[PDB]
Structures are given as C-alpha cells and as structure tokens.
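Enquirer: If you scroll down you'll find the structure; I have some questions about it.
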Number of protein chains: 2
Amino acid sequence: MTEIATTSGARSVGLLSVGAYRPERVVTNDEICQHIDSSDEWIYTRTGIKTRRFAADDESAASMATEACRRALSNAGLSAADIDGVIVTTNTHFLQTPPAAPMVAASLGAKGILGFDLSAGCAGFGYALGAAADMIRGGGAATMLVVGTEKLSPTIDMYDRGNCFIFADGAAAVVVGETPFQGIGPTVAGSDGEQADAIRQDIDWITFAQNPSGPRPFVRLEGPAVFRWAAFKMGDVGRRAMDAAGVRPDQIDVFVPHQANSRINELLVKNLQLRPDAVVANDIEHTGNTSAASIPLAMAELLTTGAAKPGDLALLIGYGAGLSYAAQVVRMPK
Amino acid sequence: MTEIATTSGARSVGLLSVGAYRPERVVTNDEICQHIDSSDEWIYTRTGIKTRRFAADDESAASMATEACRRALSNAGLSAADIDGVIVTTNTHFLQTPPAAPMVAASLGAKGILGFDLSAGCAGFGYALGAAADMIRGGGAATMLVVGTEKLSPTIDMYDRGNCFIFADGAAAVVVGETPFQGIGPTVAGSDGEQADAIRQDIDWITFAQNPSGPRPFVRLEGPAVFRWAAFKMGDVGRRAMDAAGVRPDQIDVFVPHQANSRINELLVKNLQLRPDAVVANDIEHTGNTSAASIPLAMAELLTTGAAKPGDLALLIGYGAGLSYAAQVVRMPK
Ligand SMILES: O=C(O)CCCCCCCCCCOC(=O)S
Ligand SMILES: O=C(O)CCCCCCCCCCOC(=O)S
Ligand SMILES: *SCCCCCCCCCC
Ligand SMILES: *SCCCCCCCCCC
C-alpha cells in the first residue's frame with residue numbers, strides 16, 4: 001500500500017542547436033574509382049554523391065562525437081555543466097565494451113552524467129532524439145545531448161562495386177531541452193527484420209576471431225532491395241510522422257530524409273506532396289552516406305548555407321540497416 | 001503559424017511479467033580450473049560463484065533474447081501482436097549492423113515493430129527499462145518488451161585468472177506496459193568515463209582486423225578498481241533511486257543488484273540499511289555475471305524460488321562497463 005512516486009519534466013521540448021564536424025580529408029569519386037570499374041559521372045547520377053570525407057587513423061566514432069558535442073553546446077550557448085545525459089548513436093564504435101557515451105561525457109568535462117549507446121542502423125538518430133524527448137518530458141533530465149557519429153571507412157571493401165562509393169565519416173550532435181513552443185513531434189518508428197541482411201556486416205566478429213587469417217568482415221549492401229523498400233515505404237512513414245504532429249504535407253518547410261541515395265530522396269519528395277518550394281536536404285553531395293550522423297549533419301549544412309532558418313518546420317525520416325526507420329516532425333535548431 | 005501536437009500516454013506503467021532463458025551446458029568452477037591453476041573454493045570465496053551457463057555454438061545473443069521474449073509474453077499471457085516495440089540491451093551482439101532488435105522482432109512474428117539495441121554495459125538494462133517506460137508515458141508505445149541478452153562465452157580469455165570465472169551467458173526479458181499502480185520508478189542513472197578502461201575490450205575490432213598475426217581481443221577486468229567503485233559508490237545510487245520513487249530503505253522487500261560479485265553486493269546490503277529479512281538476489285551462484293541480462297535473470301530466479309512474490313517492492317542497481325550505472329525501484333512481475 002505504498003505507490004511508487006512518479007516524476008515529471010517539461011511539456012515542450014525542442015532542438016536548441018546542432019553541431020557538426022567533418023574530418024578534413026576530402027575523398028573524391030576519381031580517387032574512389034581507383035580500384036573500381038566506374039566513373040565520377042556514373043557515381044554522381046546513380047547516387048548524387050560527388051565527394052565525401054574520410055577520418056584520420058587516430059580518429060574514432062567517439063572522438064568525433066566528442067567534437068560534435070562541443071560545437072553544439074557552443075551553438076546552444078551552453079556548458080557541459082548544463083547537460084544531464086548523452087546518447088551516442090553509432091554503428092561503428094569498434095568495441096563491444098565500454099560504450100562510447102561515457103568516454104564522450106568524460107572528455108566533454110562532465111564525467112558523471114547519464115548516457116548510453118543506441119544502435120539501430122541509419123535510423124539511429126530518430127530513436128535517440130525520440131528517447132531524449134521522452135526522457136526530458138519524463139523528468140529524468142532537463143537538457144540532453146544526442147549525437148550521431150560514424151566511422152565507416154575501415155569497414156568499406158574498396159573492391160566492392162556496389163557500395164564502396166557510398167559510406168563515409170562525420171559526427172553531428174544536437175542539444176535537446178525545454179522550449180517555449182512545442183518543437184519535436186511524436187516519434188514514428190518500426191522496422192522490417194525480415195530484410196536484416198540487406199545491409200549487414202557479412203561475417204560476425206567472433207567467427208572472424210576464430211580464423212583471423214581468413215577473410216575479414218566488410219559492410220555489404222543489397223542496393224536494389226534497399227532502393228525499393230525506402231522509395232516505396234517511407235512515404236507513409238513521413239505521412240504518419242506529419243499526422244502525429246498535427247501538421248500537413250504542405251506545411252513542411254525543410255525535408256531531411258536520410259542521405260542514403262538522392263534518387264530515393266527525389267521519389268520521396270514527390271510522394272510526400274510537399275510544397276514546390278520545400279527545401280530538401282542534399283548533404284549527400286559532399287558528405288556521402290554517414291548513417292546515424294546523416295540527418296543531423298544534413299540539418300547543420302542547410303542552417304550553415306542559410307537555405308534553412310532556425311525554427312523552420314521540418315520532417316525527419318531515418319532509414320537503413322536492420323531494416324528499421326524512425327521519423328519525427330521538428331523545428332530547425334541553431 | 002502551425003503547432004506541433006502535444007501528446008500524452010498512460011501515466012502508470014509497470015513490469016507485467018519476466019521471462020528468462022538459460023543455456024543447458026553447465027560449466028563448473030573446477031572445469032574452469034583446468035586451464036589456469038586456481039581453486040573452486042578460491043573462486044567461491046572471492047566471487048560467490050559456484051557454476052555458470054555457456055551457450056551453444058548455434059546460439060547467439062540475438063537468438064537467446066528471442067526465446068526470453070517468447071517466455072516473457074507467455075508469462076504475461078500475451079502475444080507478439082500485442083507488442084509495439086522491443087529494446088534489446090546487450091554487449092555481445094557480434095555485428096556492427098544490422099541491430100539485434102528487428103531480427104528478434106521478426107522471429108517472434110512481430111512483423112515490423114519499432115526496436116533498437118541499447119549499449120551501456122552491465123547497466124544497459126536499467127537504462128532500457130527507463131527508456132521504455134519513458135516511451136509509454138509519452139505515448140510512443142503502449143506495451144513493450146525489454147530484453148537483456150548476452151553471450152560473453154566467446155569473449156573470455158581462458159588464461160585470465162582475473163575474470164575467466166566471472167562472465168557467463170543468458171537472457172531475460174520483461175514486458176512493460178500499463179498498470180493501475182505505478183510500477184517502475186524514476187530512472188536514476190550516471191557514469192564515470194575517467195574509468196572507462198576498468199571493463200573493456202582490450203583490442204578494437206578494426207585494429208585486430210588490420211592485424212590478424214597479432215593477438216585477438218578479449219574482455220579485460222580491472223577487478224580492484226571495479227570493486228572499489230561499485231561497493232562504495234552504489235549505496236548513494238540506490239539511496240537516490242529510493243528517494244525518487246518515494247520509498248524508505250526499510251520499505252524494500254527485494255534487492256536485485258547487478259550480479260557482479262557476491263562480496264560487492266554483500267557490502268551494498270549493509271550500506272543500504274535494508275530490513276534483516278529483505279530478499280537479496282543471489283542468482284550469481286549458478287549464473288555468474290551476465291552483463292545486461294543479469295538483473296532480469298536475477299529477478300526471474302527469485303520468482304521461481306518463491307523467495308520473491310509478484311508485487312513485491314524491489315530495488316534494482318545495475319553497474320559495470322563504461323563505468324556506467326542505472327537504478328530504479330520497481331514492482332516484481334510475473
Ligand atoms: O544498375 C546497376 O547495375 C547498378 C546501379 C547501382 C547504383 C544505384 C545505387 C544503389 C542503391 C543503394 C540505395 O540504398 C542505400 O543508399 S543504403
Ligand atoms: O580488490 C578487492 O578488494 C577485491 C578483489 C577482487 C576480486 C576478484 C575479481 C572480482 C572483481 C569484482 C567483479 O567485477 C565484475 O564482475 S563487474
Ligand atoms: S544504414 C547503417 C550502415 C551501418 C554499417 C556499419 C557496419 C559495417 C560492417 C563492419 C565490417
Ligand atoms: S558488463 C561486463 C561485460 C563486458 C562485455 C564486453 C565483452 C568483451 C568483448 C571482447 C571481444
């Protein structure tokens with residue numbers, strides 16, 4: 001006869017700021033075409049990618065994540081002392097343990113703060129932004145870091161005619177906290193674990209670890225399957241996300257799909273019936289596919305180029321590995 | 001100027017059931033005393049562990065989590081079609097991508113429900129329980145599975161002498177959903193990234209992949225440092241947990257700390273100042289340390305022995321790698 005107490009946070013939460021960090025090494029298509037039988041033009045028309053960034057040998061998903069946070073914090077007018085938790089979303093923290101979240105908190109100056117690694121393929125940001133919003137409104141935190149980071153280079157098979165020109169590096173973090181107006185709509189999510197092997201690590205670490213001198217694992221992609229699924233299934237995912245926020249297709253100002261493939265995104269923009277003048281993220285051009293980091297990296301780009309304004313109503317749609325998606329309507333940060 | 005929908009879910013949320021799964025191969029202390037010369041008594045005196053369970057080769061974290069859910073659903077008298085999401089917490093899913101969750105989802109027949117993998121070491125489950133509860137109170141999901149799964153087996157160095165006897169395999173899933181009574185307390189969580197190296201994979205997979213002629217990675221433990229940290233710092237954490245749930249230490253009926261080491265958990269009990277008759281989870285004896293899976297496996301055991309009853313007021317304390325910790329006051333399920 002003693003009811004467990006419940007706590008409560010803020011009603012309205014929003015993206016206070018975005019920070020982005022891309023490693024300085026520019027990898028061209030022609031440099032990629034080195035061990036590939038295709039050209040710059042073939043790669044740009046089929047994907048929309050021109051150049052992408054590769055990290056340094058000493059760099060890691062965590063170090064870039066630490067770096068993205070600082071910048072977001074700086075853009076937020078906030079210190080590490082003002083943060084209550086940090087979620088790292090990544091698919092390329094190359095340790096089973098420890099998780100990257102503590103390390104990032106540690107180097108940021110706030111070693112004691114709550115946090116975890118959330119891994120859900122390319123869709124990892126939608127879930128982690130979703131988890132923050134709910135935790136903050138829940139009262140477990142007031143202000144929170146959600147960082148997407150990905151070191152994909154070391155996982156690329158440079159002879160792989162189907163995916164080498166695709167994956168890249170970068171880290172972008174957002175600051176989530178209380179806001180006057182409601183800023184982040186309901187998370188709309190789900191998956192398709194039937195197609196789990198569409199984007200995968202071909203060999204598992206333990207099997208590989210039993211015969212290290214045999215073929216090592218790489219990232220593999222059954223592209224047409226991914227094209228079909230994404231191109232035809234995310235339209236509703238976007239509609240469900242807009243519906244839960246109480247908004248209309250013609251009300252979206254910025255559209256931030258996962259930067260997987262520009263032809264896919266072209267089909268979604270048309271399927272989503274947005275305004276003819278809706279600003280549509282195209283960070284694919286000089287960032288490539290950065291999985292968990294893709295969307296917040298895309299957001300920053302548009303804010304930096306001034307194509308998007310802070311406070312613009314925006315739709316987010318994450319899609320990729322596991323075959324799992326996540327989508328939310330948000331105001332633009334910064 | 002368009003508004004974003006402010007939505008609500010159910011306020012009161014609890015653990016409906018718990019479903020555990022344990023590998024049939026019983027590996028003993030004297031069996032671990034064939035490679036490396038210690039003693040079954042030495043291990044028992046120092047850790048509290050007598051035997052442990054190692055999973056089969058055709059078994060995995062992913063596979064064991066699926067079976068635990070089958071059982072969690074079975075004990076709540078429910079169906080995969082009643083579940084809106086799964087959270088697989090783990091440290092031994094031996095793929096960067098795809099996530100375990102969607103696979104676990106499809107194998108239960110839950111077509112494309114939301115789901116992600118949460119990593120925060122031994123404390124992953126406390127984090128996962130708290131995240132799910134957040135999502136239901138926000139309205140993102142109604143009923144959810146949360147599964148700590150682990151196959152630490154293949155990660156153990158048989159020459160360890162410091163931790164070969166510590167780690168073991170298993171899974172345990174809880175169903176989280178609406179209840180009339182508030183069943184899960186506010187999440188008390190945190191970390192210590194300065195001490196990230198205390199429990200770590202010693203070599204990263206890329207580095208190892210890059211150098212197959214060198215040593216393979218293994219799980220490493222800095223015992224003394226972990227003992228010092230967990231046994232003197234975790235009292236305050238539980239104290240913070242009980243404070244948030246509005247309960248006095250003498251109101252606790254069951255204590256389920258992470259099954260790291262009996263001697264640690266022994267000192268915890270005294271610092272925590274619970275009742276003399278308070279039920280203390282000792283699953284460690286024939287289970288060992290199962291990271292993420294530990295606590296819900298430790299829950300299931302107390303319910304199986306009848307040492308704990310459904311509705312009992314439990315104090316959970318997860319702690320370990322990342323040097324991260326998670327705690328909350330709950331009601332026992334089943
Ligand atoms: O037609 C061919 O023979 C090859 C054409 C392949 C280029 C088209 C891009 C691959 C689609 C991958 C999209 O999924 C993700 O980006 S993930
Ligand atoms: O240093 C002390 O006072 C205790 C001696 C260390 C005991 C031997 C190893 C157990 C380490 C504690 C458990 O670590 C985890 O499983 S986490
Ligand atoms: S859509 C997210 C893709 C994530 C790829 C990371 C897996 C790399 C394989 C390791 C060799
Ligand atoms: S909660 C403590 C268990 C740590 C899990 C990591 C397993 C080590 C991987 C080495 C290959």
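Chain lettering (A, B, ...) mirrors the order of the structure tokens, residue numbering begins at 1 for each chain separately, and ligand numbering begins at 1 in order of display.
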Would you mind listing, as a PyMOL selection string, all residues of chain A that have at least one atom within 6 Å of chain B, where only C-alpha atoms are what counts?
Expert: chain A and resi 4-5+91+94-99+102-103+106+111-114+116-120+134-135+138+182+185+189-193+200-201+204-205+212-213+245-246+321-322
Enquirer: Dump the neighbourhood of ligand 1 as a CSV table (one decimal) with N, CA, C and O atoms, in the first residue's frame: all residues within 8 Å, distances computed on only C-alpha atoms and all ligand atoms.
Expert:
chain,number,residue,atom,x,y,z
A,43,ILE,N,28.8,7.5,-60.8
A,43,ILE,CA,28.5,7.6,-59.3
A,43,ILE,C,27.6,8.7,-58.9
A,43,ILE,O,26.8,8.6,-58.0
A,46,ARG,N,23.8,8.1,-60.4
A,46,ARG,CA,23.2,7.0,-59.7
A,46,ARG,C,23.0,7.2,-58.2
A,46,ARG,O,22.2,6.5,-57.6
A,47,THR,N,23.8,8.1,-57.6
A,47,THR,CA,23.7,8.3,-56.1
A,47,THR,C,23.5,9.7,-55.7
A,47,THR,O,22.9,10.0,-54.7
A,162,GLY,N,29.4,-2.3,-55.6
A,162,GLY,CA,28.1,-1.8,-55.2
A,162,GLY,C,28.0,-0.9,-54.1
A,162,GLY,O,26.9,-0.2,-53.9
A,163,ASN,N,29.0,-0.7,-53.2
A,163,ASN,CA,28.9,0.1,-52.0
A,163,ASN,C,30.1,0.9,-51.6
A,163,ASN,O,29.9,1.7,-50.7
A,166,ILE,N,29.8,4.8,-51.3
A,166,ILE,CA,28.6,5.1,-50.6
A,166,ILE,C,28.8,5.7,-49.2
A,166,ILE,O,28.4,6.8,-48.8
A,199,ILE,N,21.5,-4.8,-45.5
A,199,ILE,CA,22.7,-4.0,-45.1
A,199,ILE,C,23.2,-4.6,-43.9
A,199,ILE,O,22.6,-4.6,-42.8
A,221,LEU,N,25.9,-4.6,-49.0
A,221,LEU,CA,24.6,-3.9,-49.3
A,221,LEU,C,24.0,-4.5,-50.5
A,221,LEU,O,24.6,-4.7,-51.6
A,222,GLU,N,22.7,-4.9,-50.3
A,222,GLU,CA,21.9,-5.4,-51.5
A,222,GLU,C,21.1,-4.2,-51.9
A,222,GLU,O,19.9,-4.1,-51.6
A,223,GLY,N,21.7,-3.3,-52.6
A,223,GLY,CA,21.2,-2.0,-53.0
A,223,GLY,C,19.7,-1.9,-53.6
A,223,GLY,O,18.9,-1.2,-53.2
A,224,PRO,N,19.5,-2.7,-54.7
A,224,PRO,CA,18.1,-2.6,-55.2
A,224,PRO,C,17.0,-2.9,-54.2
A,224,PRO,O,16.0,-2.1,-54.2
A,225,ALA,N,17.2,-3.9,-53.3
A,225,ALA,CA,16.2,-4.1,-52.2
A,225,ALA,C,16.0,-2.9,-51.4
A,225,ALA,O,14.9,-2.5,-51.0
A,226,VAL,N,17.1,-2.2,-51.0
A,226,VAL,CA,17.1,-1.0,-50.2
A,226,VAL,C,16.4,0.1,-50.9
A,226,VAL,O,15.6,0.8,-50.3
A,227,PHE,N,16.7,0.3,-52.2
A,227,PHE,CA,16.0,1.3,-53.1
A,227,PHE,C,14.5,1.1,-53.0
A,227,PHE,O,13.8,2.1,-52.8
A,230,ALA,N,12.9,1.6,-49.3
A,230,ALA,CA,13.0,3.0,-48.9
A,230,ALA,C,12.1,3.9,-49.8
A,230,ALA,O,11.2,4.6,-49.3
A,259,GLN,N,20.4,10.6,-45.8
A,259,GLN,CA,21.2,10.8,-47.0
A,259,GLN,C,21.8,9.5,-47.4
A,259,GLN,O,23.0,9.2,-47.2
A,260,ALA,N,20.9,8.6,-48.0
A,260,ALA,CA,21.3,7.3,-48.5
A,260,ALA,C,21.6,7.3,-50.0
A,260,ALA,O,22.6,6.9,-50.4
A,261,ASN,N,20.7,7.9,-50.7
A,261,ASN,CA,20.7,8.0,-52.2
A,261,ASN,C,19.8,9.1,-52.7
A,261,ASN,O,18.6,9.0,-52.4
A,264,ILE,N,16.4,8.1,-54.4
A,264,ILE,CA,15.4,7.7,-53.4
A,264,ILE,C,14.7,8.9,-52.9
A,264,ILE,O,13.5,9.0,-52.9
A,289,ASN,N,27.0,8.9,-47.4
A,289,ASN,CA,26.0,8.3,-46.5
A,289,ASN,C,26.7,8.0,-45.2
A,289,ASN,O,27.5,7.1,-45.0
A,319,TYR,N,16.2,6.0,-42.4
A,319,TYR,CA,16.0,4.6,-42.9
A,319,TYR,C,17.3,3.9,-43.2
A,319,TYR,O,18.3,4.6,-43.5
A,320,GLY,N,17.4,2.6,-43.1
A,320,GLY,CA,18.6,1.8,-43.4
A,320,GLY,C,18.6,0.5,-42.7
A,320,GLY,O,17.6,-0.2,-42.5
A,321,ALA,N,19.8,0.1,-42.2
A,321,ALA,CA,20.2,-1.2,-41.7
A,321,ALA,C,19.2,-1.7,-40.6
A,321,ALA,O,18.5,-1.0,-40.0
Enquirer: Using CA of residue 327 in chain B and CA of residue 171 in chain B as the two end points, give the distance in Å to one decimal.
Expert: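 If I compute the distance from CA of residue 327 in chain B to CA of residue 171 in chain B, I get 19.0 Å.
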Enquirer: Can you work out which one of A:24, A:169, A:30, A:57 has the shortest atom-to-atom distance to ligand 3, counting only C-alpha atoms and all ligand atoms?
Expert: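 Distance minimum relative to ligand 3 lands on A:169.
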Enquirer: Measuring between only C-alpha atoms, which one of A:45, A:146, A:153, A:255 shows the shortest distance to residue 176 in chain A?
Expert: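 Nearest to residue 176 in chain A: A:146.
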Enquirer: Just list the residues in range 154-281 of chain A DSSP gives strand (DSSP E or B) on the backbone, as a PyMOL selection string.
Expert: chain A and resi 167+169-178+184+188-191+199-201+219-221+254-257+279-280
Enquirer: Take the residues from that selection and write them out as a compact mmCIF listing (two decimals), in the first residue's frame, keeping N, CA and C atoms.
Expert:
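Contents of selection18.txt, as written:
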# COMPACT_ATOMS: atom_id res chain seq x y z
N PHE A 167 29.46 4.89 -48.30
CA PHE A 167 29.53 5.21 -46.88
C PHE A 167 30.69 6.15 -46.56
N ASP A 169 32.23 9.41 -43.35
CA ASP A 169 32.53 9.77 -41.96
C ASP A 169 32.01 11.13 -41.55
N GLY A 170 31.82 11.29 -40.25
CA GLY A 170 31.30 12.53 -39.71
C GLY A 170 30.58 12.31 -38.39
N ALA A 171 30.40 13.40 -37.66
CA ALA A 171 29.66 13.39 -36.41
C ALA A 171 28.91 14.70 -36.25
N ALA A 172 27.61 14.60 -36.00
CA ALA A 172 26.81 15.78 -35.69
C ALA A 172 25.92 15.53 -34.48
N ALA A 173 25.99 16.46 -33.52
CA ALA A 173 25.22 16.36 -32.29
C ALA A 173 24.17 17.46 -32.22
N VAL A 174 23.06 17.16 -31.54
CA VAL A 174 22.07 18.17 -31.21
C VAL A 174 21.94 18.33 -29.70
N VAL A 175 21.49 19.51 -29.29
CA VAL A 175 21.15 19.76 -27.91
C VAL A 175 19.63 19.80 -27.82
N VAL A 176 19.06 18.89 -27.01
CA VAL A 176 17.62 18.89 -26.75
C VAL A 176 17.35 19.37 -25.33
N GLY A 177 16.33 20.21 -25.17
CA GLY A 177 15.97 20.79 -23.88
C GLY A 177 14.62 21.45 -23.96
N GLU A 178 14.18 22.06 -22.86
CA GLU A 178 12.86 22.70 -22.81
C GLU A 178 12.80 23.91 -23.74
N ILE A 184 9.38 19.19 -31.03
CA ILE A 184 9.63 17.84 -31.52
C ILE A 184 8.35 17.04 -31.40
N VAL A 188 7.75 8.40 -34.90
CA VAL A 188 7.08 7.38 -35.70
C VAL A 188 8.12 6.37 -36.22
N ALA A 189 8.01 5.13 -35.74
CA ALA A 189 9.04 4.13 -35.97
C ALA A 189 8.50 2.72 -36.24
N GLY A 190 9.43 1.79 -36.46
CA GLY A 190 9.12 0.44 -36.89
C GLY A 190 10.28 -0.12 -37.69
N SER A 191 10.08 -1.30 -38.27
CA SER A 191 11.18 -1.99 -38.94
C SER A 191 10.75 -3.03 -39.98
N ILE A 199 21.45 -4.77 -45.50
CA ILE A 199 22.65 -4.01 -45.15
C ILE A 199 23.22 -4.63 -43.87
N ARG A 200 24.42 -5.18 -43.97
CA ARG A 200 24.97 -6.04 -42.92
C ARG A 200 26.50 -6.02 -42.86
N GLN A 201 27.01 -6.50 -41.73
CA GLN A 201 28.39 -6.93 -41.62
C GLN A 201 28.36 -8.39 -42.06
N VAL A 219 31.35 -4.11 -44.79
CA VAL A 219 29.93 -3.77 -44.94
C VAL A 219 29.44 -4.17 -46.34
N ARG A 220 28.33 -4.91 -46.39
CA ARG A 220 27.71 -5.34 -47.64
C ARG A 220 26.31 -4.76 -47.78
N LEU A 221 25.87 -4.60 -49.03
CA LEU A 221 24.63 -3.91 -49.33
C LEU A 221 23.95 -4.55 -50.52
N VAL A 254 11.27 22.37 -44.33
CA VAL A 254 12.50 21.67 -44.61
C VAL A 254 12.24 20.17 -44.50
N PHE A 255 12.74 19.42 -45.48
CA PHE A 255 12.60 17.97 -45.51
C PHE A 255 13.96 17.31 -45.44
N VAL A 256 14.20 16.58 -44.35
CA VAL A 256 15.52 15.99 -44.10
C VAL A 256 15.49 14.46 -44.11
N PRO A 257 15.42 13.85 -45.31
CA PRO A 257 15.48 12.39 -45.32
C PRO A 257 16.91 11.94 -45.07
N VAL A 279 12.34 23.17 -49.00
CA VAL A 279 13.79 22.97 -49.00
C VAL A 279 14.11 21.53 -48.62
N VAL A 280 14.84 20.85 -49.50
CA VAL A 280 15.11 19.41 -49.41
C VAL A 280 16.60 19.12 -49.28
Enquirer: Any chance you could list, as a PyMOL selection string, the residues in range 81-229 of chain B that come up helix (DSSP H, G or I) when DSSP is run on the backbone?
Expert: chain B and resi 81-82+100-107+121-138+153-155+193-198+205-210+223-229
Enquirer: So these two share a sequence; what Cα RMSD do you get laying chain A over chain B, all Cα, in order, least squares?
Expert: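 Here the C-alpha RMSD works out to 0.4 Å.
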Enquirer: With only C-alpha atoms and all ligand atoms as the atoms that count, which of A:291, A:74, A:63, A:305 lies nearest to ligand 3?
Expert: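 Going through A:291, A:74, A:63, A:305 one by one, the smallest distance to ligand 3 is for A:291.
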Enquirer: Rounded to one decimal in Å, what is the spacing between CA of residue 310 in chain A and CA of residue 23 in chain A?
Expert: 24.9 Å
Enquirer: Pick from B:81, B:69, B:158, B:267: nearest to ligand 2, with only C-alpha atoms and all ligand atoms counted?
Expert: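 Among the listed residues, the smallest separation from ligand 2 belongs to B:267.
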Enquirer: Report, in Å with one decimal, the straight-line distance from CA of residue 67 in chain B to atom 6 (C, counted along the ligand's line) of ligand 4.
Expert: 21.5 Å
Enquirer: Pick the closest to ligand 4 from B:288, B:276, B:180, B:14: which is it, counting only C-alpha atoms and all ligand atoms?
Expert: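 Nearest to ligand 4: B:288.
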Enquirer: Excluding residue 44 in chain B and residues on its chain fewer than 2 positions from it, collect all residues at most 10 Å away from it, counting only C-alpha atoms, and give them as number ranges by chain.
Expert: B: 29, 39-42, 46-51, 165, 261-262, 285
